[PDB]
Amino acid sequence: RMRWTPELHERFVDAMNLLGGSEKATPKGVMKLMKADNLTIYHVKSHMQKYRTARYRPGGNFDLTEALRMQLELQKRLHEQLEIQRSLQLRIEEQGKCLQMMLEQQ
């Protein structure tokens, strides 16, 4: 698999647009224009299919908007805690390592 970056995808869009768009561009051509390290024909084919998929052409609304505001608020709060959790998981492992270095030396 290929770790894509927003910068690398931007380059892929340009390459493909320069080759007449997603319905005219070939993976071989995109590969040649991009000249990217470790990028294969397989990666370009897999990336173009996802690109073509994401570009597929075909009470009250105030209450729906208020529901989106809460949906967003709750997603943002979970996101914040997940960032916090990552630091918690790292500290646990750091203390666990120290507890092991201390018991071997007693």
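Residues carry their position along the shown sequence, with the first being 1.
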{"query": "Average Cα temperature factor in the PDB entry - higher stretch of 75 to 83, 40 to 48", "finding": "40 to 48"}
{"query": "Per the entry, higher mean C-alpha B factor between 11 to 19 and 91 to 99", "finding": "91 to 99"}
{"query": "For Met34, the third of its chain into which the C-alpha B factor falls", "finding": "middle"}
{"query": "CA B-factor ranking of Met70, expressed as a third of its chain", "finding": "lowest"}
